[PDB]
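The structure under discussion appears below in the form of structure tokens.
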Amino acid sequence: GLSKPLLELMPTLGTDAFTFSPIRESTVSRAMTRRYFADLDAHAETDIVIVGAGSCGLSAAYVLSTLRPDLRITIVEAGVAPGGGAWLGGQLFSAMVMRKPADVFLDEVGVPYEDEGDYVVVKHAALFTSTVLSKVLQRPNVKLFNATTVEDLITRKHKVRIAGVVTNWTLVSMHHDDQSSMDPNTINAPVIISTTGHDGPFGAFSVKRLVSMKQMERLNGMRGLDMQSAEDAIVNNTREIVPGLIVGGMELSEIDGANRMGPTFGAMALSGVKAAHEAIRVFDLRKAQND
Amino acid sequence: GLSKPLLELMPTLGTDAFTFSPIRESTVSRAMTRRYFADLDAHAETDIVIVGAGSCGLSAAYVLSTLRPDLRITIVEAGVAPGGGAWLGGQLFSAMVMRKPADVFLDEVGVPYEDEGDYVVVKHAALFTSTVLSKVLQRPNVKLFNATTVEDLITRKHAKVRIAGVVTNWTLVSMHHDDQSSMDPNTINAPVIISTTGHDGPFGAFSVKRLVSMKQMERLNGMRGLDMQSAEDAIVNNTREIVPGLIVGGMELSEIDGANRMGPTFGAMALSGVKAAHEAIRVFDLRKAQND
Amino acid sequence: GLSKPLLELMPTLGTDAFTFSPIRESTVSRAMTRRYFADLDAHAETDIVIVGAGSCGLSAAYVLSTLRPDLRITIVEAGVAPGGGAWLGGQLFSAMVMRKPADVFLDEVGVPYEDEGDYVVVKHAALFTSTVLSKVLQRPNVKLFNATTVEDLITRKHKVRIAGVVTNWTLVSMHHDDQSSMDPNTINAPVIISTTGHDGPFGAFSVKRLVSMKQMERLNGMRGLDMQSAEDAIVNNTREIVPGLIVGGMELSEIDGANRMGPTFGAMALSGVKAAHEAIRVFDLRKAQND
Amino acid sequence: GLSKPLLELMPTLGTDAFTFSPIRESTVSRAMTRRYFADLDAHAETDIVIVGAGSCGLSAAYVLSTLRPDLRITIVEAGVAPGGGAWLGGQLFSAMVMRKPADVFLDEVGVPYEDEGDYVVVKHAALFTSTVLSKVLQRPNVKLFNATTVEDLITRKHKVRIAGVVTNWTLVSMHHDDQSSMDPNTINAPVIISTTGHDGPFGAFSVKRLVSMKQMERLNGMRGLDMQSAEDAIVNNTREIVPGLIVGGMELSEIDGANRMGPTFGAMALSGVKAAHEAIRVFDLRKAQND
Amino acid sequence: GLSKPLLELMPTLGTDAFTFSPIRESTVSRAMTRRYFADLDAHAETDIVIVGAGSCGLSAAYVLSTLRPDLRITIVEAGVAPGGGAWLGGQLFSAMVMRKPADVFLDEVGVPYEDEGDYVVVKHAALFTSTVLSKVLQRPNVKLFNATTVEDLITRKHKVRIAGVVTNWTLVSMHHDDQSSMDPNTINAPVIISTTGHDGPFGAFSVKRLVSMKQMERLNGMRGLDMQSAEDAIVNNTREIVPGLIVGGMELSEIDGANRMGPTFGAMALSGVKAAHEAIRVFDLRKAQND
Amino acid sequence: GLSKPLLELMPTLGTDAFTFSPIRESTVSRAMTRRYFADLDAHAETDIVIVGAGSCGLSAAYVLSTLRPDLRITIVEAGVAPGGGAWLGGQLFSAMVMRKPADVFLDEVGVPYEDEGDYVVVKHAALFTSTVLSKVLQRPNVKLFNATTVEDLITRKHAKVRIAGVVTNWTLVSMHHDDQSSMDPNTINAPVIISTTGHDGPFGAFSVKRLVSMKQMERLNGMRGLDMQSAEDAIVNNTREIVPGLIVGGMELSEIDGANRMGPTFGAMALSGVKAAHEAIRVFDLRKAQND
Amino acid sequence: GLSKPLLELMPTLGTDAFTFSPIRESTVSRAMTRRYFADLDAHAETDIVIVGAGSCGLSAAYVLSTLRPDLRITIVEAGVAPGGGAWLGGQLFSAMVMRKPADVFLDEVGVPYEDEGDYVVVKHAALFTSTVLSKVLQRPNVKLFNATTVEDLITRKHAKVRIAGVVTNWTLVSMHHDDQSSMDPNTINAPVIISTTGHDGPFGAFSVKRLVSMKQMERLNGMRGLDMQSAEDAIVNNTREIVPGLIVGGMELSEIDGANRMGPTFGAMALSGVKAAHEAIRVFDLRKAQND
Ligand SMILES: [Fe+2]
Ligand SMILES: [Fe+2]
Ligand SMILES: [Fe+2]
Ligand SMILES: [Fe+2]
Ligand SMILES: [Fe+2]
Ligand SMILES: [Fe+2]
Ligand SMILES: [Fe+2]
């Protein structure tokens, strides 16, 4: 049941006996700003940046921060609420289906499921996302800059190497026409993991920018749905696309022209894992090239 | 560190040695549709409904499902992503400030914080919401119907009315009752309905605004100015059954009561939800008897 | 005249003597969800999927389900209301004009008309569409999923073969930016009939998808209006375009680069009959390939 | 099975042997215009106008044209497709629930159903709608002006009497700003049956217009959902609200402050039957005054 | 001064002595539809069609109807108000400037002006347009179908020959999404004069359509503003682009890749004069081929 | 047949022989700006202002300028193309129906028609509008400020007020008073304003609605149902000075008066403008005196 | 301290002892139109035109009018408010960072800063823009046509072309060539045109995008990733006459050269402006001749 303290408080609610401690509005403001600037300052030069906090990005943020408490992890998520397209299953339904061996990841992060043999099923996709999300955030080396969009990549010569991200408020990135000029800010980082999902108004950002930066010819383009070949491809091909830039999740399907998997998350999760692994493998090198 | 099983799997990713088990698409479909219908069939008739998965509603769901595992709790949230305004702090910033004694609740749900004196600060608003959400979604007596909007209330006579459930529909359908032909809603019968849809706005403050148009209220006193000290006490202390079968809490309450807003501080949303759950339990049997 | 039971009921309406049997909301909600998820389950794996419930789609569904009571036909229509663009004639006018021998089909589905010589005229385009819709829906093996949009195609290797469709609620398909990620659902099928009208926000989906999937050179494009050359072209060329994918109706004009016919439905109707014949010709084989 | 004629034509589809009879585009334009304007001419002055071709209106239309084949019935429907909100059940599902004795009506029009006791269930709302639609449109005295909106009512003194409708193309009604002035057209009629659903951008037209013309104190507005009291109310209180104006269906709930029922069409059917009945009762009187 | 009849009526206004003759709404309705049907029926098959009632098209309509009373001239104008960009000069100002010898045309149509030497200035652009428009509309052989758009062209083999235009209500052409399918209407003609202004949403229709029909490599595109080199170009090159299709006005600039003149209308007027000539030159031959 | 000069020019078109006289863009620019700003200067202070170049406003302007060549007439029309809803008949059809004795006016403005006994029919609404528009613009004492919107009224005391001019701006600016930073309007002082802006709507019934928001009117009775027979009479017969310096006519009148609507018929609009012009003249001297 | 005249006036405010001098609306209207025409008439044919009043354009305008009081400078700014993206720093913040020697330019226009070694910081970007802006507008040979958009260019031959002016229109009109009937643009003839319209977007990078649509450029390399060190030197040292009559600078140049972007750092903009003004002088006599 409930904790004794909370049980002792409840009877108090709705009576003169209950009242919150005194507060001045400036206190709250400063409590927030002082802390946000701290983060903003400390992450202007970070170790690893993760663009897009969906099922894949979060799964990467988890593995990475657990194996490397020594590294600073800056997650830049466009929406106010993180989680990408993992709050639902298919056609607005709830059940999250993960084909084995993705269950190995569900165990790791402590997310229950029904075993069906070749695949497992999480009660609600929300349960998976909220749980993983909750744990990632507990990590002292992780910072979630939600409500923030990546408008461009910080580049360098040698062919180019990605060395950071150009950020701004998601709402600003969306109205660069509905106001006067609003310049973005930056984040210097040796390694960037992009998991912004597939092509769309917001998705497939890093992969599409490489093309506009005339570094890529074109995008093969996410192909039709074929669960069996899709998940396999996304997970095994998750890697450093260009120096300093690692791609995973469905964004990868855009650059590689892989099939899509529809309402099944095994690949996203393990692709998250693969990406964290890649970041580690490539880190020391890019770190040297960035300093 | 990571678990052995995962540490052993990692080296496999990126090699021909890795492959997911076989799967036929329709197995995925049926896997979801089967379970979803079950929910839809089971919750068509439920015990308690909570409208609005914002910080207040979630806190209510937590306390309620914990205290009454015997009760079926149906959470209906408009957005795909649940959490309301609990994903951020103030002005798009992160820090979640909670005035004491709300820290008692934080301890209850296991959410770390920095003791600052009269108030405490949670590293990130997101840290609180995901934790509570995670714990709530783990109770076997709770179901989250996200991307689902409450378009109306199910009423009963005693011209006074009793709220006996909600009229539902896919949020996307609610937002486009013009861009298409007629799309009727669905229903959920329930003895007690908790409404925590936040304050007035395109989507928010549904129940309260509906009571007015159903001609059960003279109008809404409307949310007033920001005064944290008087706002949080007012909200928490007055969470209650506003009309038979309907309890209001959170910022939706400020609209009918005409209370001040508190802005970027979540103590009241948490304890108001605690009180919302307490009220539900106090009233359940009575409404449950009246409803059947 | 009316039936006696109804004539007997009428005097009742408007009096205390009239009342509906008792009911509980949960009863109705269950009557619906139970039956829907039942279809949803039974059609996850189907025999023939018809994309687009317009004059062509409908015509094909009619002939098909009539000739093969054994096959399960899944009609996936985008709009809430079916009927495509066959509710009107031209420029918001009613009269539906069909050139012979399209009248043989109008005789099949029992739709009255005026014989003007080389063509026949249906009183209102709505008379055809409603009658046909009514008859197709009465078939025990036909299921209509209206408000459901086809977002992609389920593919398989060998060049590719179409093995089904990727589905979602039309209102979701239209707002993949007005919310967080919302994954689609799916339906497996050996043969898919696509009749989604010519290019536009909604139309010519299959053929456009074949291009964006990098399976087609480009769309020849729907050409000018020339009824005589157009109708013969749509009808005589309706066929399996790729293993498992049959295209007819005006969508066909997008890939074949045929002329348009404006306000005349003979071709749409007979293209439907042709599409039906094609599904049958090609069925057993694609079926074997898909199991 | 199919008809021999159609079975004999099918093999021909897809061969040089097949070809549509000669045609010239101007023949198709004239075929439609000549007819559409014949209707415009005959209906400019009609016997009964029914606004909104939804389940309630379509039902009323069915009974009115069958009982009085002598009267000209003019149906004005805003949408391109008629049927209102009777193409689906609730939350986009298909099953149409009808509480008894509404099954007597389903018997009348020939729409099959499963008997569940107090209520019967029609396979798919569309089957009911398309079926009834087909029959109404078959009547020689009925005319469906779809894609046409009622923007106002024609009035006369003695308080006022409703004597017709002000019409226009729906698209014009929706864009009285996106262009220069576009005047409406007219249809004189002694009795007007308004069945345009509950309030919304399109709905509850005549009921709201009475208010704006300062004839009504206001709209009590549709109340909460309560199937048992809503349907009994809507059906029993369908009547002539003002001389010349008979309101039924869900539009009546706005002026009466009646509860809503949701995904159940029992009332819409019988309110329609009763609206038609009231039409007949009041016809001679209004016709005498209108002339 | 006013006319005696009017002067005698005036004092009557605002007194009980003034009243309009008896009317019934249906009378007015029938007065319009009957004449519109007549027009819609007589023009389904016409001699010459002019797309776009702007300064250029209108000039062409004038000259063409005046030199050939025997021919039927069908003007299809998208906007509700005809005139295109000739209701104003540049930057919302009023003065209409025409370089000589354009003044020769102004003399012809009876439009006063100030001579400045190389150019003449018309008091207000509206003056020119209202006068030409008034004279064009007076001709017994001219019909103005405004509020109507040309969505496509009618084609014939032999490369293709333009034999008419696909029409629809402008509002319907702008919302082929915001509703169900709405088929267009047709008009057969041996020669079509397109003067739909330069590129944009509505503009440069026929030229752009020649590309989408794979008849043109691309549009050279309207170039920079060089009044002196542009107007001569527009005028001297106005001619039959494809058999049956004459392009003039600024639309011509799109296909020829010519400079623009901005706020000066000599070219437009003389281009129209030229257009009418081409139609006459080419008429008998096209007429022959089209029948 | 065509003129000889034109007939001699046609053969030239299409040959290297045809060419336009020399020109410098700036010459054209100055040709326009000079004249326009001349208009702005002269009309800033005018005699009579007509807001709304519709069938009623145009008829009023025609009668006014013809009976009073001495007065300066300033027409302010929101649309780029003037003519309001006088380009079409009903439901996008052409024919323009005018009941008698409006035909007396059609003879005045030189517009042909088919006599049907109790009413006459003009070939195309457009014929009427373009013809009248043409004869109005020709008068030397009239200026047409198209693409210009009247956003407010200029007032003076005798609390009762007197309308003494219009507040103006480019229509495009009137519709985007958010889509940019602040954009102040301009002004036109005038002792008499004839407002003929049609019935309520985004653009319509400007003055009548403004009188209300200026708290000089209780509320608009609002345009009523359609009844041609009683509507036209009421519109023509009650056209007049509603308030000192403000004459209202056409369909804007039905909004304040609460009169029926006539739909696809124009007799009343035409004779209303005629009455509007008669009233301006009756009232002019008095208002002018007060205004100076 | 304030001025004595103002100090003596204040006590008057809020008493019957205060009142403005008499006025008649028409007077204010004529005071504005009269002057606007003067400008419109004098600039139709001008010396140097600067498209885009952003930081770069503004800087160019300053340097140019200060070195050539004899030249008439016509600035066309699409927005109501000038200044471009120079009202803020990055992510909506204030501080304007300029890397040296860009500080030389701030000393010239009198804008304070904190020296930080290799760079300096102007309190708020608004200080730089407002100061520069103020100083530029004071110049008697400068004219700011704000709320005005360059829809196209004036071209001449020597298929090589020369730029000889700009096709103009009210910005709001430029944005609605579909929301009305045809609205022709006006013109401005000039020998040299400095285009500084920021980088690609609905309004940005105009001349550059136009050179391509006019079929004078193979394509646009497109602005590349953010790399401040290579970006700023590149934009500044490559600012030049791209085509006879057209000088390009600021961030627009990045579109045509495929140079890196610099983000929230304005050093390059200011010195790119100085460079553009300089190029215009170097090129002026020659183009002036070619234009007459
Ligand atoms: Fe930028
Ligand atoms: Fe509804
Ligand atoms: Fe997706
Ligand atoms: Fe109107
Ligand atoms: Fe079409
Ligand atoms: Fe203002
Ligand atoms: Fe233009």
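Within each chain, counting starts at residue 1; across the structure tokens, chains are named A, B, ... in the order shown, with ligands numbered 1 upward in that order.
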
Find the residues near ligand 1. Use a cut-off of 9 Å, count only C-alpha atoms and all ligand atoms, and write them as a PyMOL selection string.
(chain A and resi 176+181-184) or (chain G and resi 85+198-199+251+261-264)

Skipping near chain neighbours, those fewer than 4 positions away, what residues fall within 10 Å of residue D:56 using only C-alpha atoms, listed as a ChimeraX atom specification?
/D:52,60-62,83-86,194-197,248-251,265-275

Å distance separating atom 1 (Fe, counted along the ligand's line) of ligand 6 from atom CA of residue G:54, one decimal place:
25.2 Å

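Atom CA of residue D:253 sits 10.4 Å away from atom CA of residue D:235.
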
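Between atom CA of residue F:123 and atom CA of residue E:74 the separation is 14.5 Å.
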
Residues up to 12 Å from ligand 7, counting only C-alpha atoms and all ligand atoms: could you list those as number ranges by chain?
E: 54, 84-86, 88-92, 196-204, 222-225, 249-251, 253-254, 259-265; G: 151-152, 167-169, 173-174, 176-178, 180-186

Only N, CA and C atoms, please: the residues just picked out, written as a short mmCIF file (atom, residue, chain, number, x, y, z; two decimals), in the first residue's frame.
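Saved to out.cif:
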```
data_model
loop_
_atom_site.label_atom_id
_atom_site.label_comp_id
_atom_site.auth_asym_id
_atom_site.auth_seq_id
_atom_site.Cartn_x
_atom_site.Cartn_y
_atom_site.Cartn_z
N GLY E 54 -8.79 38.35 -68.82
CA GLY E 54 -7.94 39.43 -68.36
C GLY E 54 -7.83 40.49 -69.45
N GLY E 84 -8.91 39.94 -64.54
CA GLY E 84 -7.56 39.57 -64.15
C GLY E 84 -6.81 40.69 -63.47
N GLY E 85 -5.56 40.91 -63.90
CA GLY E 85 -4.74 41.94 -63.30
C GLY E 85 -4.92 43.36 -63.81
N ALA E 86 -6.01 43.61 -64.53
CA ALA E 86 -6.24 44.94 -65.09
C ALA E 86 -7.20 45.83 -64.31
N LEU E 88 -6.00 47.29 -61.68
CA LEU E 88 -5.01 48.14 -61.05
C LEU E 88 -3.76 48.28 -61.88
N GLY E 89 -2.92 49.24 -61.48
CA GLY E 89 -1.65 49.47 -62.14
C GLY E 89 -0.66 48.74 -61.26
N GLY E 90 0.48 49.35 -60.98
CA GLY E 90 1.47 48.70 -60.14
C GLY E 90 1.42 49.17 -58.69
N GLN E 91 1.76 48.26 -57.78
CA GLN E 91 1.78 48.56 -56.34
C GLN E 91 0.44 49.13 -55.84
N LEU E 92 -0.65 48.52 -56.31
CA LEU E 92 -1.99 48.92 -55.93
C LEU E 92 -2.40 50.32 -56.39
N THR E 196 -4.12 32.87 -69.71
CA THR E 196 -4.34 32.74 -68.28
C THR E 196 -3.25 33.37 -67.43
N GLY E 197 -2.63 34.44 -67.93
CA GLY E 197 -1.59 35.09 -67.17
C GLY E 197 -0.40 34.18 -66.96
N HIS E 198 0.63 34.69 -66.28
CA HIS E 198 1.83 33.92 -66.03
C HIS E 198 1.75 33.04 -64.79
N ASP E 199 2.70 32.11 -64.68
CA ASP E 199 2.78 31.14 -63.59
C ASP E 199 2.28 31.61 -62.22
N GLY E 200 1.85 30.63 -61.42
CA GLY E 200 1.32 30.87 -60.09
C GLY E 200 0.28 29.78 -59.85
N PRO E 201 -0.56 29.90 -58.81
CA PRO E 201 -1.58 28.87 -58.56
C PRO E 201 -2.54 28.71 -59.73
N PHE E 202 -3.20 29.80 -60.10
CA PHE E 202 -4.15 29.79 -61.20
C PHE E 202 -3.47 29.90 -62.58
N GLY E 203 -2.55 30.86 -62.70
CA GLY E 203 -1.86 31.14 -63.96
C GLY E 203 -1.09 30.13 -64.81
N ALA E 204 -0.89 30.52 -66.07
CA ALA E 204 -0.17 29.75 -67.09
C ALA E 204 -0.65 28.31 -67.21
N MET E 222 9.14 32.59 -67.21
CA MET E 222 9.08 34.04 -67.38
C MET E 222 10.37 34.63 -66.80
N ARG E 223 11.04 35.48 -67.56
CA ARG E 223 12.30 36.09 -67.12
C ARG E 223 12.14 37.47 -66.49
N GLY E 224 13.27 38.09 -66.18
CA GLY E 224 13.28 39.41 -65.56
C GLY E 224 12.51 40.49 -66.29
N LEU E 225 12.33 41.63 -65.61
CA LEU E 225 11.59 42.74 -66.18
C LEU E 225 12.48 43.68 -67.00
N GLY E 249 -0.73 36.85 -74.22
CA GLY E 249 -0.65 37.50 -72.93
C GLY E 249 0.57 37.04 -72.16
N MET E 250 0.59 37.27 -70.85
CA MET E 250 1.75 36.86 -70.07
C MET E 250 1.94 35.35 -70.00
N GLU E 251 0.88 34.59 -70.23
CA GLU E 251 1.03 33.14 -70.22
C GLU E 251 2.11 32.82 -71.24
N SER E 253 4.63 34.35 -72.02
CA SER E 253 5.97 34.57 -71.50
C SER E 253 6.55 33.31 -70.86
N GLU E 254 5.69 32.51 -70.23
CA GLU E 254 6.15 31.28 -69.58
C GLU E 254 6.76 30.28 -70.57
N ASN E 259 10.95 38.24 -71.14
CA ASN E 259 10.97 39.17 -70.03
C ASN E 259 9.54 39.62 -69.71
N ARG E 260 9.35 40.21 -68.53
CA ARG E 260 8.04 40.71 -68.10
C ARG E 260 8.06 42.23 -68.20
N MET E 261 6.89 42.85 -68.34
CA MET E 261 6.84 44.31 -68.46
C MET E 261 6.34 44.99 -67.20
N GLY E 262 5.71 44.23 -66.32
CA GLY E 262 5.21 44.83 -65.10
C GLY E 262 3.94 45.63 -65.34
N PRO E 263 3.81 46.79 -64.68
CA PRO E 263 2.64 47.68 -64.78
C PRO E 263 2.42 48.43 -66.09
N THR E 264 2.43 47.73 -67.22
CA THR E 264 2.17 48.38 -68.50
C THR E 264 1.38 47.37 -69.36
N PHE E 265 0.26 47.83 -69.94
CA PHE E 265 -0.63 46.95 -70.71
C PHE E 265 -0.73 47.03 -72.23
N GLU G 151 10.02 41.63 -55.74
CA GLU G 151 9.44 40.45 -56.37
C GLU G 151 10.29 39.92 -57.51
N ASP G 152 10.97 40.82 -58.21
CA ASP G 152 11.81 40.41 -59.33
C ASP G 152 12.93 41.42 -59.56
N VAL G 167 12.11 44.97 -59.14
CA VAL G 167 10.67 45.00 -59.34
C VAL G 167 10.12 44.96 -57.92
N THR G 168 9.32 45.95 -57.56
CA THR G 168 8.81 46.04 -56.20
C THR G 168 7.31 45.89 -56.01
N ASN G 169 6.93 45.70 -54.75
CA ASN G 169 5.54 45.59 -54.37
C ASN G 169 5.39 45.65 -52.84
N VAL G 173 1.22 42.28 -50.43
CA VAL G 173 0.70 41.93 -51.75
C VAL G 173 1.51 40.75 -52.28
N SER G 174 2.83 40.85 -52.16
CA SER G 174 3.72 39.80 -52.61
C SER G 174 3.31 38.47 -52.01
N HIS G 176 0.21 37.52 -51.29
CA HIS G 176 -1.15 37.09 -51.64
C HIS G 176 -1.52 37.20 -53.10
N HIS G 177 -0.61 36.80 -53.98
CA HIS G 177 -0.88 36.84 -55.41
C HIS G 177 -1.85 35.72 -55.79
N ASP G 178 -2.66 35.30 -54.82
CA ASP G 178 -3.65 34.25 -55.03
C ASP G 178 -4.90 34.64 -54.23
N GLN G 180 -6.35 37.40 -54.17
CA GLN G 180 -6.94 38.56 -54.85
C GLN G 180 -6.74 38.43 -56.37
N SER G 181 -7.15 39.45 -57.11
CA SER G 181 -6.99 39.48 -58.56
C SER G 181 -5.58 39.98 -58.82
N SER G 182 -5.17 39.99 -60.09
CA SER G 182 -3.92 40.42 -60.40
C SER G 182 -3.37 41.69 -59.86
N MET G 183 -2.26 41.82 -59.15
CA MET G 183 -1.73 43.07 -58.62
C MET G 183 -0.30 43.30 -59.10
N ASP G 184 -0.17 44.05 -60.19
CA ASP G 184 1.13 44.34 -60.78
C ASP G 184 2.08 45.07 -59.84
N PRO G 185 3.39 44.82 -60.00
CA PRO G 185 4.43 45.44 -59.18
C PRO G 185 4.84 46.77 -59.77
N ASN G 186 5.67 47.49 -59.04
CA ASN G 186 6.17 48.77 -59.50
C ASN G 186 7.63 48.54 -59.81
#
```

Please return as a ChimeraX atom specification the residues found within 12 Å of ligand 4, counting only C-alpha atoms and all ligand atoms.
/D:151-152,166-168,172-173,175-177,179-185 /F:54,84-86,88-92,197-205,223,225-226,250-252,254,261-266

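All residues of protein, DNA or RNA that reach within 6 Å of stretch 79-82 of chain F, judged by only C-alpha atoms and not counting those fewer than 2 positions away in the chain, are residues 87 of chain E; 53, 77, 84, 146 and 147 of chain F.
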
Close residues, residue F:35 itself excluded, 10 Å, only C-alpha atoms, min 6 positions apart in chain, as a compact mmCIF listing (two decimals) with N, CA, C and O atoms, in the first residue's frame:
```
# COMPACT_ATOMS: atom_id res chain seq x y z
N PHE E 93 -1.57 50.97 -57.18
CA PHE E 93 -1.93 52.29 -57.67
C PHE E 93 -2.91 52.12 -58.84
O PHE E 93 -3.16 51.00 -59.26
N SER E 94 -3.45 53.22 -59.37
CA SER E 94 -4.48 53.12 -60.43
C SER E 94 -4.18 53.37 -61.92
O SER E 94 -4.81 52.76 -62.80
N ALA E 95 -3.24 54.27 -62.20
CA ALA E 95 -2.88 54.65 -63.56
C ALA E 95 -2.43 53.53 -64.48
O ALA E 95 -1.44 52.87 -64.20
N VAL E 121 -1.68 57.41 -70.88
CA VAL E 121 -2.10 56.98 -69.56
C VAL E 121 -3.61 56.99 -69.43
O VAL E 121 -4.24 58.01 -69.67
N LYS E 123 -6.84 57.01 -67.12
CA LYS E 123 -7.19 57.48 -65.77
C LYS E 123 -7.11 56.42 -64.67
O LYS E 123 -6.50 56.63 -63.62
N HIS E 124 -7.76 55.28 -64.92
CA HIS E 124 -7.80 54.16 -63.98
C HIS E 124 -7.85 52.89 -64.82
O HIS E 124 -8.51 52.86 -65.84
N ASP F 41 -3.98 63.40 -52.34
CA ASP F 41 -3.97 64.78 -51.87
C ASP F 41 -5.35 65.43 -52.00
O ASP F 41 -5.86 66.04 -51.06
N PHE G 37 5.30 60.46 -51.81
CA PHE G 37 5.37 60.60 -53.26
C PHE G 37 6.74 61.13 -53.63
O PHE G 37 7.38 60.63 -54.53
```

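Within 6 Å of chain C, chain D contributes the residues residues 6, 13, 14, 19, 20, 21, 32, 66, 81, 87, 95, 100, 118, 127, 130, 131, 134, 137, 232 and 236 of chain D, using only C-alpha atoms.
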
From a DSSP calculation on the backbone, collect every residue of stretch 71-162 of chain F in alpha helix (DSSP H) and output the set as a PyMOL selection string.
chain F and resi 103-108+125-138

Stretch 18-34 of chain G environment, 6 Å, only C-alpha atoms, sequence neighbours closer than 4 positions dropped, as a count of residues only:
5
